[PDB]
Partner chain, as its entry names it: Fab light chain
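This document starts with one chain, in the form deposited without the partner chain, laid out as structure tokens.
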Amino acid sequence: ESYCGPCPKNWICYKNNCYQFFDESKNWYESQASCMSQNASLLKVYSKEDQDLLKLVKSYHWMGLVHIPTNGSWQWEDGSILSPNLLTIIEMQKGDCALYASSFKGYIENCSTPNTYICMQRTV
């Protein structure tokens, strides 16, 4: 349509999804919070086609992808399990969180390490 889905005032809207980038460096946890503070969450990656615009992202930022030891898989901060054939994850810094980098990459970082982040919120 000629109008882009419901989104927080002054956020980036693309194909009905809303995004926002924050310059303020923070740790994963403190970042996870920043998102929830605005009824959202850390960037979640479900479609290479719908989140097409993610290829234009410069540098790396906090993503909402966590790692659970018990099992040994990566799943989103909500509950969702990273859908195969989306992100190529790379070991950068020993840790349990991951940062997003251009062309669907996920670099592992120490959740305690401050960084910039991306908050997103879907539509129905």
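Residue numbers count along the first chain shown, from 1. In this text, rigid core is short for the largest set of C-alphas that superpose within 1.5 Å between two forms. Only residues modelled in both forms are compared.
Absent from the display: the form solved in complex with the partner chain. The rest refers to it.
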property	result
Distance check, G79 to the partner chain in the deposited bound form, heavy atom within 4.5 Å	no
Contact test in the deposited bound form: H67 vs the partner chain, heavy atoms, 4.5 Å	yes
Moved residue between the shown form and the other one - picked from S47, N71, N39, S59, where its Cα shifts 2 angstroms or more relative to the rigid core	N71
Sequence-ordered runs, three or more residues, C-alpha shift 2 Å or more between the shown form and the other one, rigid core	68 to 73
